[PDB]
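>
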Amino acid sequence: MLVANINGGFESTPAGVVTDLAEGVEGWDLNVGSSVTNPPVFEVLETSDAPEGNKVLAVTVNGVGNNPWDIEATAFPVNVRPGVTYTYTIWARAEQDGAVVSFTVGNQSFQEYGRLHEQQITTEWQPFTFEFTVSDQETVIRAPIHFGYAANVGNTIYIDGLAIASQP
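The numbering of the sequence shown is the deposited numbering, which starts it at 1 and goes up by one.
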C-alpha cells in the first residue's frame, strides 16, 4: 500500500552503520548542529522486534548540549493531500528504559501540523500516534524528530514506525 511516508521506519534501509546521516535512510535523514558536543551513533539494525518490518535506526545518545537540538532525525519526503486528513504513527524503543524523544511534523515552509515532543520511551516498542490535516496545501511534508536531551542521554534510542497514512 503506497503510504505517504516512505522509509519513515527505515524499511528500505538495510542494516549497517551509517556514514552520512544526510544520505543514510532514504525516508530518514539526521542532522547534528554545534549543540552536539558528543558524537552520537547513527546506524540501522535488523531484528524481528521492529514494528515496521525489521529495520530501525539505533542511535547512541550520550552527550547533550546547551541547545535543544543537538541530534535530530527527520523523516522525508512525505506525501499528503489538500483537504484530506492523514494519520501519524511511530514506534520508539531504547536499550535502557528512561529515554525521551520528540516527533513533530512540518512542510518546507516552517509550518507544522502534528507535534508530540517529550515522550517517555521504554526499553520496548511504544506505539504513539495522532492526527493532522494539511494546514495550507503542502503535498509534501517532513516530520523532524528531535534528539539530544539529558533524558535521552546514557541510552541508545532506536526509532522506527514514522509512517503517515489516512483512514480506510
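No residue lacks a Cβ here, since even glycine has one placed at the ideal position from N, Cα and C.
#1: On a CA-only basis, which of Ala94, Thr133, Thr87 and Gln96 is nearest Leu162? Give me that one, please.
#2: Compute the beta-carbon to beta-carbon distance between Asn155 and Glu95, rounded to the nearest angstrom, for a pair I have assumed lies under 8 Å.
#3: Evaluate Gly33 with the Cβ neighbour count: other Cβ atoms within 10 Å of its Cβ, from every protein chain shown; 16 or more gives buried, anything less gives exposed.
#4: Using C-beta distances below 6 Å, list every residue in its chain close to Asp70, excluding the 5 sequence neighbours before and after it, in chain order.
#5: Give me the residue from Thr19, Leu57, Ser109 and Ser166 with the minimum Cα distance to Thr129.
#6: Tell me which residues share the same chain as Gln111 and place their Cβ nearer than 8 Å to its Cβ, disregarding the 5 neighbours each side in the sequence.
#7: Under 6 Å Cβ to Cβ from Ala50, same chain only, skipping five residues before and after it: list those, please.
#8: Could you pull out every residue in the same chain whose Cβ sits closer than 8 Å to the Cβ of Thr47, ignoring the five residues on either side in sequence?
#9: By DSSP's criteria, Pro144 is part of a beta bridge. Which residues make up the other side?
#10: Of all the options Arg142, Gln120 and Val18, which has the alpha carbon lying nearest to the alpha carbon of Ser109?
#11: Against chain C, does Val32 count as a neighbour if the rule is that its beta carbon must be under 9 Å from one of theirs?
#12: Excluding the five sequence neighbours on either side, which residues of its own chain have a C-beta within less than 6 Å of the C-beta of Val25, listed in chain order?
#13: Run the CB neighbour count on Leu30, radius 10 Å, all protein chains shown included, and call it buried at 16 or more, exposed below.
#14: With 16 as the cutoff for other CB atoms within 10 Å, does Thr89 come out buried or exposed?
#15: For a test of the three-state rule: what should DSSP assign to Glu23, helix, strand or coil?
#16: Output yes or no for whether 9 Å exceeds the beta carbon distance between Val61 and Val17.
#17: Put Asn5 into one of helix, strand or coil per three-state DSSP.
#18: Is it buried or exposed, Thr74, if we count other Cβ atoms within 10 angstroms and call 16 or more buried?
By the coordinates alone:
#1: Taking the sequence shown and counting its residues from 1, one reaches residue 162 at position 162. Nearest C-alpha to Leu162 among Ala94, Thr133, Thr87 and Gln96: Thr87.
#2: For the purposes of this step, residue 155 is taken as the residue at position 155 of the sequence shown. For the purposes of this step, residue 95 is taken as the residue at position 95 of the sequence shown. About 6 Å separates the CB atoms of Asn155 and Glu95; that is less than 8 Å, so the two are in contact.
#3: Numbered from its first residue, the sequence shown carries residue 33 at position 33. Exposed is the call here.
#4: Taking the sequence shown and counting its residues from 1, one reaches residue 70 at position 70. Cβ within range, chain order: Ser35, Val36, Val64 and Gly148.
#5: Position 129 of the sequence shown, counted from the start, is the residue given in the question as residue 129. The shortest C-alpha separation from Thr129 is found at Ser166.
#6: Within the sequence shown, residue 111 is the residue found at index 111, counting from 1. Excluding its 5 nearest sequence neighbours in each direction, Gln111 has C-beta neighbours in its own chain below 8 Å: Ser135, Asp136 and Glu138, listed in chain order.
#7: Residue mapping note: residue 50 aligns to position 50 of the sequence shown, counting from 1. Within the same chain, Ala50 has close Cβ partners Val56 and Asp160.
#8: Looking up residue 47 in the sequence shown gives position 47. Same-chain partners within the cutoff: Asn54 and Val56.
#9: Looking up residue 144 in the sequence shown gives position 144. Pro144 pairs with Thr74.
#10: Working through the sequence shown from its first residue, we reach residue 109 at position 109. Answer by Cα proximity: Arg142.
#11: Among the chains in the structure shown there is no chain C, since it carries only a single protein chain.
#12: Position 25 of the sequence shown, counted from the start, is the residue given in the question as residue 25. Excluding sequence neighbours, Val25 sits near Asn7, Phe10 and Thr13.
#13: For the purposes of this step, residue 30 is taken as residue 30 along the sequence shown, with counting starting at 1. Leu30 comes out buried.
#14: The sequence position of residue 89 within the sequence shown is 89, counting from 1. Buried, by the Cβ-count rule.
#15: Within the sequence shown, residue 23 is the residue found at index 23, counting from 1. DSSP places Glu23 in helix when its eight states are reduced to three.
#16: On the sequence shown, residue 61 is found 61 positions in, with the first residue counted as 1. On the sequence shown, residue 17 is found 17 positions in, with the first residue counted as 1. No, the pair does not count as a contact, with Cβ atoms beyond the cut-off.
#17: As a first step, residue 5 is located in the sequence shown; it is residue number 5 there, counting from the start. It is coil, neither helix nor strand.
#18: Position 74 of the sequence shown, counted from the first residue, corresponds to residue 74. With 16 or more other Cβ atoms inside 10 Å of its own Cβ, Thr74 counts as buried.
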